[PDB]
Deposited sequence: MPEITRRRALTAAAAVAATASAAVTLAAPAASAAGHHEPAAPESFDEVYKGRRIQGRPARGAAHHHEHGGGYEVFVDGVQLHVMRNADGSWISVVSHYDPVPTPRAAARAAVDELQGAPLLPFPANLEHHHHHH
């Protein structure tokens, strides 16, 4: 259901698409998870649900402060 994307955000390339959705930040996969009400979270922000996997990707880029995700 969620729409795919691919953009540069704060110097890093965020992008994701349906696999049931996969997200990657600068080539590395950022494990995300969808809740019952369609909201989303990620390994980098697991208790703060956001509307989309794009929002979830941007939350991470922010919190990561330039730090790359581990495989």
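> So which bits of the deposited sequence did not make it into the model?
Replying inline: No C-alpha coordinates exist for 1 to 40, 60 to 70, 123 to 134.
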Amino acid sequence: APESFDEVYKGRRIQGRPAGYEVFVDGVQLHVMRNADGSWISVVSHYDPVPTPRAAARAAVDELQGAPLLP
From here on, numbers count along this sequence of modelled residues.
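>> Mean Cα B factor from the PDB record: higher for 61 to 69, or higher for 1 to 9?
In response: According to the PDB entry, the answer is 1 to 9.
> What third of the chain, by the recorded C-alpha B-factor, contains residue 51?
Replying inline: Lowest third - that is where residue 51 ends up once the chain's C-alpha B-factors are sorted.
>> Among the modelled residues of this chain, does the Cα B factor of residue 43 put it in the lowest, middle or highest third?
In response: Answer is lowest: the recorded C-alpha B-factor places it there.
>> Split into thirds by Cα B-factor across the chain's modelled residues, where does residue 33 land: lowest, middle or highest?
In response: CA B-factor rank for residue 33: middle third.
>> How does the C-alpha B factor of residue 19 compare with the rest of the chain: lowest, middle or highest third?
In response: Its C-alpha B-factor belongs to the highest third of this chain's values.
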